[PDB]
Structures are given as C-alpha cells and as structure tokens.
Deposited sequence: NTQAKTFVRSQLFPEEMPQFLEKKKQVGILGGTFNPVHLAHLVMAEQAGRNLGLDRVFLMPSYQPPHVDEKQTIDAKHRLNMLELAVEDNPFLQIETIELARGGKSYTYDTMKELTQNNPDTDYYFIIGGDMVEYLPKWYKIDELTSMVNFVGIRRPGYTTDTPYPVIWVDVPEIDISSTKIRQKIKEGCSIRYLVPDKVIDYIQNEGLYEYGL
C-alpha cells in the first residue's frame, strides 16, 4: 500500500568519502524520501568487492542509507537504463529518485536511452549556486552543503601518505590501511 520513495546515488565510490554521505543523506532528507541507496557501478580498477566493503562500513550505523548491489552482481558495464528497468520491475511499489550532480545534468542527452529513462525515474539535481537550474529534462532540485572532496584527491592523498581523517569515515580508513588499498 505504501508507494516507497527511494533515492539512488550512483557512482564508483573509489573510495566512498564524506561528500558521498552528505549528498545522499541531505538530498533524501531534504526531499523527505523514505531511504537512499548508494549504488556502486561495476566498471565506470580497484576490486568491486573492496569498494562494496568500504561502502557497507560507511553506511553501517545509519538506517537511512543502504547499499544497492545490483550493478555489482550483474557485472559487465550495465547502462543506467538497464539497471532501473530491472529495479523498477523488481520493485513496482517504488518511486526512484536518481540523484545527480548539477554539473552532470547538462550531459543527460548523452545518456543511453535517456528519454526512456526519465520515464522510469525522477531525476534529482544538486543545485550549485554557480549555474542555472534550467534544463529540458524533468529534474527537481535540492540544495546540499558544498563538500568539495573528490575520490581522485583522496586516492593521491593516500598514495602520498597524507591525512584523510574526517574526509573519509574512520572504518573506511581502517579498511584501506589493513588492506593496503590505493598504494597504501
């Protein structure tokens, strides 16, 4: 009877870090969604199982944030259309809110089958005070605190031996260090 309102945040999460969690939590809470899943892609190569373990530790203590593993099980290079075709078929009770960066919204016409895809999901853009919100696609907008941490920067910091504390959750740091990830 409940039509579930569930956010989806895609990406590689290579590794997961603070901005991923703030984006997901704030976008979903600000819109009043029921839950947000971080959905790691299989190939955008650090092992998928490593990225999955880090993610699960990152959202461990938070019932609001869960992990959606379908792209890691399906393997290959699942296009977003195929992923939400299967997710909407598995979950006919669910309205999906696909959360993307405001800078990603201008590349929407490059997405495979984007026209069919806007029929399956609701696109949620993260507003940047550095651009308009105008676009042909049916996108709704949310504000979230600017957290300018990138996984690229995190990886080089790890390679150089620089601190990543508080930029990355403690248990994720522990896993990175125990497993020697990212040239550690």
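Colleague: Walk along the deposited sequence from position 1 and note every stretch that has no C-alpha coordinates.
Modeller: Those stretches are 1-21, 66-72, 213-214, listed in order.
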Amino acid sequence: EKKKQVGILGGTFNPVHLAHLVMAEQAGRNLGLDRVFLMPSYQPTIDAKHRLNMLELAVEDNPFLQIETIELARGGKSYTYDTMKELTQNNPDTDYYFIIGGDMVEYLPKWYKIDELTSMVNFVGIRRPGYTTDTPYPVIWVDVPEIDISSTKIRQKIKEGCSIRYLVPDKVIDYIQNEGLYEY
From here on, numbers count along this sequence of modelled residues.
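Colleague: Tell me which stretch, 141-149 or 112-120, has the higher mean Cα B-factor listed in the entry.
Modeller: Mean CA B-factor is higher for 112-120.
Colleague: So, looking at the entry's B-factor column for Cα atoms, which has the higher mean, 48-56 or 126-134?
Modeller: The recorded data point to 126-134.
Colleague: Can you work out whether the C-alpha temperature factor of residue 93 puts it in the lowest, middle or highest third of the chain?
Modeller: Middle third, going by the recorded CA B-factors of the chain.
Colleague: Place residue 157 in the lowest, middle or highest third of its chain's C-alpha B-factors, as listed in the PDB entry.
Modeller: Middle third by C-alpha B-factor.
Colleague: Considering every modelled residue of the chain and its Cα B-factor in the PDB entry, is residue 62 in the lowest, middle or highest third?
Modeller: Answer is middle: the recorded C-alpha B-factor places it there.
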